[PDB]
Structures are given as C-alpha cells and as structure tokens.
Amino acid sequence: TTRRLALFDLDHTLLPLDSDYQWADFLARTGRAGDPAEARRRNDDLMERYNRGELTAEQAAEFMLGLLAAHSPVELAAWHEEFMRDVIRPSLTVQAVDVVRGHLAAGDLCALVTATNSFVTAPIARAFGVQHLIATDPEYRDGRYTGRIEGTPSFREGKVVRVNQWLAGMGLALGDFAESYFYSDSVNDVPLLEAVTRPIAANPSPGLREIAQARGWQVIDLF
C-alpha cells in the first residue's frame, strides 16, 4: 500500500523549548513544588547532575514524574491547562504546525514520539491534531501518579522499541509503509532516525547537523 508513516519528536523539534524542563519550572515558579527558589534550585541541580553524567536517564525521568506524585491528578490537570495557555500555546509556530499538517493532509499515519511524559505531552499532541502519542508513560495507580515509569521509556533506543510495539498493536509494521519520516533535533534520536526511510534533522544540534550533512539527511531549521 502507498501510505507513509510520519513521526515527530517534540522538544526543540516542534516546539522552540523543552516542555519537560518548562513544566518543572512552571510548577516551581507557580509554586506548587514547594518554595519557588528551592524548587528551581532542585530542578537545575537535577539537570546539572544529569548533564555532568552523575544521574541515569531513568533517574532524571523519575525526578520529573516525582513532580506528578506530589499532587492529585485533578489539581495537575487544572495546572497543566494553565501551562498550556501561558507557556506551550504561545510557542506554537506556523512552521511547526505546517510540517505536521502537511503529513496529515497527505493521509500519513502521524505520531508524536517524545521522552517527555505522556501526562505533560498528551494535550500537546492534540494541539497539533496528532492522534497518536508515543511518550514515556508515568505509572498511575489508585488514582495517583506513583513517580515510576510504566514500561519502556520513549528515549533513545526506547523510541525504536515503543514505535515498533505501537505499530504491532494496530496490526502494522514499519515496512508496511511506502516511506517513514522522523523529524528530530538531537543525537539522542539517531536510533529512530536510523530506523526510518526518511530521517529529517529539524533544528539540529551541532552534533546532529554534522551527522545529517555527512549522510545527506534533509535538515530543516523551523525556528
């Protein structure tokens, strides 16, 4: 069949920001994560230790989910709407919307594939008209987020696993498509970029821009 698959990274690909950090910072600022100062300090110190190599990817993801564990899901929803209105929505650009819209309009099967947790990113996929989300999932039990990851994280090689698991759930596979596109900005996503037939380096980091040019991969600087 002639259908194509289109996969989109989120942070720094479709949005000119990191939705994971902005959400932490939004809760700190606003201040639903304790004293604002100490909250932002604890956020930055997490990113610093992760960036220096002192925390695992799992542990960083866990700290982020721990922000959800501190509150009722009813409060979290109300606060996320404010986050959407004040942070995410105004960073939506016509260029990012249009990259997605073009693939929707072609009939492509479209999914957002992101390490930022599905509580935080579900309404963002919806804001783009994208009906499928392949995100790190927070465990939810007994009406609350536990702070733990449910299943495989949608991060690095996990994005590949999760995408293949999702297609099989629909009774499909990557080679069923005439082409598969994946847009991303980061060397973290070389695994999924290598898996599809049309990798696109979107707003690439210097590392990924070098890899894109080496391999002849399309580059797009959306913003």
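Residues numbered from 1 in each chain as written, not as in the entry; some residues may be left out. Heavy atoms only, no water.

A.B. asks: Describe in detail the environment of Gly107, supporting the description with residues and values.
C.D. replies: Structurally, the position occupied by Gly107 is in the loop between α5 (94-105) and β2 (109-114). Taking the C-alpha atoms as reference, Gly107 lies 13 Å from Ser180; in sequence the two are 73 residues apart. (Helix = DSSP H or I, 4+ residues; strand = E, 2+ residues; numbered from the N terminus.)

A.B. asks: Could you give me a rundown of the pattern of salt bridges, with the residues and numbers involved?
C.D. replies: As enumerated under the stated definition, the model contains 14 salt bridges in all. Where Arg141 meets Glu139, a salt bridge forms, and the shortest distance between an N and an O atom there is 3.9 Å. Given the relative accessible area of 44%, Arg141 is considered partly exposed. Through salt bridges with shared partners, a single network forms among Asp9, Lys159 and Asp189. (Salt bridge = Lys/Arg side-chain N within 4 Å of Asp/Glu carboxyl O. Buried < 20%, exposed > 50% of the residue type's maximum accessible area, 1.4 Å probe, protein only.)

A.B. asks: Any chance you could break down the packing of helix α2 (residues 36-52) against helix α3 (residues 57-69) for me, citing the residues and the numbers?
C.D. replies: Relative orientation of the contacting elements α2 and α3 amounts to 165 degrees, with a least axis distance of 10 Å. Looking at the two axes, α2 sits roughly antiparallel to α3. By crossing handedness, the relation of α2 to α3 is classed as left-handed. When α2 is examined against α3, the residues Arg42, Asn43, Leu46, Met47 and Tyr50 are found in contact with a partner set consisting of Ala57, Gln59, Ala60, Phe63, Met64 and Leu67. Among the residues making up the contact of α2 with α3, the classes are represented as eight nonpolar, two polar and one charged. (Axes fitted to C-alpha atoms, helices over the stretch in contact; angles between N-to-C directions. Parallel < 35°, antiparallel > 145°, perpendicular 65-115°, else oblique. Left-handed = near helix turned anticlockwise from the far one by under 90°. Contact = heavy atoms within 4.5 Å. Nonpolar A, V, L, I, M, F, W, Y, C, P; charged D, E, K, R; others polar.)

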